[PDB]
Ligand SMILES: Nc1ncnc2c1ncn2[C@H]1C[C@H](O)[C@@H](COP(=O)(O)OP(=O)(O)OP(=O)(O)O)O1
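Only one chain comes next, encoded as structure tokens, the form deposited without 2'-deoxyadenosine 5'-triphosphate.
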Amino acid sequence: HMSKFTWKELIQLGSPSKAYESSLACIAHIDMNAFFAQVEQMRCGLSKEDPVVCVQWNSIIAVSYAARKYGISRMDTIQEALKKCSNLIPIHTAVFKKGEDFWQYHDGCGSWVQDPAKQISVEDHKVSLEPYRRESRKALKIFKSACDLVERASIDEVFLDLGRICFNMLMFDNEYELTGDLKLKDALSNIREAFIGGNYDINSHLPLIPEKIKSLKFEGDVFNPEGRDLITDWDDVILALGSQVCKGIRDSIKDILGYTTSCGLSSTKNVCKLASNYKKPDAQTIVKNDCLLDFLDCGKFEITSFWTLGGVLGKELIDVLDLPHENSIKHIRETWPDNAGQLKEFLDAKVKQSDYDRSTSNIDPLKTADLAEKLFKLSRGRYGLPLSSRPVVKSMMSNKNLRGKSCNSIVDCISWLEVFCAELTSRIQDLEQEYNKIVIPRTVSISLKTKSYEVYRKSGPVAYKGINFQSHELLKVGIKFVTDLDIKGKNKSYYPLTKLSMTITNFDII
């Protein structure tokens, strides 16, 4: 007898461009839970047990899991949370002041204190997220150094493709020890000699795993409610090694930066993202291939839980496919269990019946084959998408919603453009570090809403004389445009404005 996998699917792990396509893939999704709260926690020399909460104005934007033990969520106001926790530590985010080109933390201030001098008025202030962008960047530098392929899914989430690391570790690591008596080089000498030997057809089946390797330990919580054998094939051997490696990367994030992370480990991104949100914080959820259906049917997940099926598209599928309200995943598998063609024939008929409503439908009748395959694999937990890089920036905006008189004249507009130009510059610096190239916006757009909520807009070029000398250039143009729009206003209902925004587009990366 022999393994269910081939050499092709194992060698593929060494290819950064196609390792994800292999059923032996080892993907990881790492999430820094309540990231903003973790950042403020560390900044104030606090511990994970101190119940910090990141406040914006009157709302909570991040809840440390110490504060969640008191039932605090993002739906509560600070006053509601104070009544839930009397030792709460609300920390307000950094903030610009109207007319200043720098942001500043006002620790000890906020709408929850009584002293009127310790207030952070919303009327003449704008939030700054630079502290979080800067800390997130530090995490990526740690990720990108331990993994040759990293996707920044968001400011607090990343995917890793541990393919190359797992493969090289499987075939060449001579230092790893299963126990005090057994090293990897000895337990896997059979497949290593077979690989160096080269006497295999790439479509030949791998040799059976040796009994020696079942001593290999998973680092983390292996999701296994049915008590299946842990190491039953090479997919589990790869996944086990990846759990060890991934624990080290997550411990680097905590030893260098102090941030905790929940993690999901499997053979596909969709499953990895579900696993990381299954147990948190400071957790690591492993989903073997032989436990994929157990995981998708554990009760937490429905068809709408997948990355792309949460919106209108998902809800239309529930009606077209006549899915139950619970266990819709299991229903998809069993209603079309043989092949995606069955589901494609079902979709083709449905869109071809009477009362199809093809004019408003979100189901493209020409790509029913691509869709049927997507659902067929997601429901079986084998829909592997590649780790894509963050698309290059096309547009940035900084705006402020103005309630009251905080923008009654031209001078008040310029004061806000000074804030907008500083945030856009900060956000361009963070990009120049990610792209490792210079970033130059070539056109600027100002738009504003009058007291009657009518819109005035004007765009144009920004003449960077030298190179990357923004935050003065584009404030010139910003002030020129807001002046023109004043003259267009003139004897019209204009001030006090209700909204003001600056948008930069047409970037040149060099």
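Each form is matched to the other, and the largest set of C-alpha atoms that superpose within 1.5 Å is called the rigid core. The first residue of the sequence shown is number 1, and the count goes up from there.
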inquiry  = If the other structures are each fit on the rigid core, which stretch ends up farther away in C-alpha terms in 4 other deposited structures of this protein, 498-506 or 9-17?
reply    = 498-506
note = With the rigid core as the fit reference, the stretch showing the greater C-alpha departure in 4 other deposited structures of this protein, 154-162 or 349-357, is 349-357
note = Looking only at C-alpha temperature factors in the entry, 402-410 or 228-236, the higher average sits in 402-410
task = With reference to the PDB entry, specify whether the mean Cα temperature factor is higher for 355-363 or for 414-422.
result = 355-363
key: Residue, from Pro116, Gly248, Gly220, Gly242, that the PDB entry assigns the highest Cα B-factor   = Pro116
request  = Going by the CA temperature factor in the entry, name the top one among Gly197, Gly71, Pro210, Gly258.
outcome  = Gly71
note = Chain-relative C-alpha B factor for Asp161 (record values, thirds): the lowest
message = Is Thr368 in the lowest, middle or highest third of its chain when residues are ranked by C-alpha B-factor?
response = highest
message = Please place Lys465 in the lowest, middle or highest third of its chain according to the CA B-factor in the PDB entry.
response = highest
ask   = Would the CA B-factor of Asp50 place it in the lowest, middle or highest third of its chain?
value = highest
key: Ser22 CA temperature factor, ranked by third within the chain   = middle
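What comes next is about the form solved in complex with 2'-deoxyadenosine 5'-triphosphate, which is not displayed.
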remark   = The binding site of the unliganded chain, tested against 2'-deoxyadenosine 5'-triphosphate placed in the bound PDB entry and superimposed by local C-alphas, with a 2.4 Å cutoff to backbone or C-beta atoms and a three-atom threshold, is blocked
message = Quick check for you: of 440-448, 41-49, 58-66, 473-481, which stretch puts a non-hydrogen atom within 4.5 Å of 2'-deoxyadenosine 5'-triphosphate in the bound PDB entry?
response = 58-66
request  = Name the residue from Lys350, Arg192, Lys126, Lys280 that puts a heavy atom within 4.5 Å of 2'-deoxyadenosine 5'-triphosphate in the bound PDB entry.
outcome  = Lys280
message = Within 4.5 Å, heavy atoms only, which of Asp156, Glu418, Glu302, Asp235 is in contact with 2'-deoxyadenosine 5'-triphosphate in the bound PDB entry?
response = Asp156
message = Can you work out whether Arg390 and 2'-deoxyadenosine 5'-triphosphate are in contact in the bound PDB entry, taking contact to mean some heavy atom pair no more than 4.5 Å apart?
response = no
message = Taking 2'-deoxyadenosine 5'-triphosphate as it sits in the bound PDB entry, is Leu485 in contact with it (heavy atom to heavy atom, 4.5 Å or less)?
response = no
key: Non-hydrogen atom contact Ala34 with 2'-deoxyadenosine 5'-triphosphate in the bound PDB entry at 4.5 angstroms   = yes
message = I'd like to check something about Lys138: if you look in the bound PDB entry, is any of its heavy atoms closer than or equal to 4.5 Å to a heavy atom of 2'-deoxyadenosine 5'-triphosphate?
response = no
ask   = Taking 2'-deoxyadenosine 5'-triphosphate in the bound PDB entry, which residues along 69-83 bring a heavy atom to within 4.5 Å of it?
value = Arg74
